[PDB]
C-alpha cells in the first residue's frame, strides 16, 4: 500500500493525532474568548 | 450575526494547536492566534460561501506567522545575530505522549515539512486543501508529507 502516505496503521500517524489532541486538552485562554466577545459587541453597536 | 462567532469557537481550539505546532518560540504562539482572530473578524465578509472556513482561518494564521518570522529575522540580522528557538509544553494531561519531545522532533524538520505534516497528519485537511493553504501543488505537499513522516520515524525512533 505505497499510495498510503500517512500510514493508516502507523504509529507516527497516531502520535500526530495524539499531539494535536493533547494541546487542545489545555484551557483556551480567557483573553482570546473575551476578545471574541468584544468583537461581537462592537458589531452590535453598528 | 452570532453565526460567524459560533463558527470560530468550533475552529479556535484547532487553530491554537496549529499555532503552537508551527511556532519556534513557546511564548509567541498565543499572540499569533489573537492576531489571526482580529484579522479574520475584519475580513469575515470576504469569506467565500461554501468554502472551507477552517482552511481560510489557517491560511491567515500561517501567513501572519511567516510574516513575523521574516520581520524577526530582519531585526536579528540588524542586532545581536542569534535566533532563539524555545520549546515549553506542559506534559500530556490525557495520554502518555511526550509532548516536549514530539515538539522538539517537529522543530528538527524543515519549515515546509513541519507545516505539511501538521496540516495533513493532524489538522485533517485533504491534499487539495493543504496545497491551497501552502500555495503549492498537490504533488509538493505529498512529497513533503512523505519526507516529514520518514524523518519523524527516525527522530522518534518508531518503526511505524
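Here are a few things to note about the model shown:
- Descending semi-axes in whole angstrom, ellipsoid equivalent of the protein assembly as shown, from the Cα gyration tensor: 28, 21, 18
- Degrees, to the nearest 10: A:11-25 long Cα axis against longest axis of chain A: 20
- Using a cutoff of 8 angstrom between alpha carbon atoms and counting only pairs six or more residues apart, the relative contact order for chain B works out to 21 percent.
- For the pair residue B:101 and residue A:35, a Förster radius of 45 Å applied to the C-beta separation gives a FRET efficiency near 0.90, rounded to the nearest 0.05.
- More than 29 Å apart - percent of Cα-Cα pairs taken over chain B: 21
- Most mobile listed residue (B:73, B:50, B:121) in chain B, GNM with C-alpha springs under 10 Å: B:50
- Tilt relative to chain A, helix A:30-44 - C-alpha long axis, 0 to 90 degrees, to 10: 50
- Approximating the spin labels as points 7 Å out from Cα along Cα→Cβ, the residue B:42-to-residue B:9 distance works out to 2.5 nm.
- The distance separating the Cα centre of region B:1-52 from that of region B:54-79 comes to 15 Å.
- For region B:93-160, fraction of C-alpha pairs farther apart than 17 Å, in %: 42
- Gyration tensor verdict on region B:29-97 (Cα atoms; rounded if a/c is under 1.5, prolate if a/b is larger than b/c, oblate otherwise): oblate
- Pairwise Cα inverse-distance average, inverted: Kirkwood Rh of chain A (Å): 14.0
- Residues B:58, B:4 in ascending order of nearby Cβ atoms (within 10 Å, fewest first): B:4, B:58.
- Tensor-based shape of region B:44-133 (alpha-carbon gyration tensor, a/c under 1.5 rounded, otherwise prolate or oblate): oblate
- Region A:1-31-region B:94-160 distance, computed between alpha-carbon centres (Å): 10
A quick note on method: Cβ atoms are made from the backbone with ideal geometry, for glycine too, and the neighbour counts reach across all protein chains shown. Any read-out appearing in this document is the output of simple, stated calculations on the displayed coordinates, not a laboratory observation.
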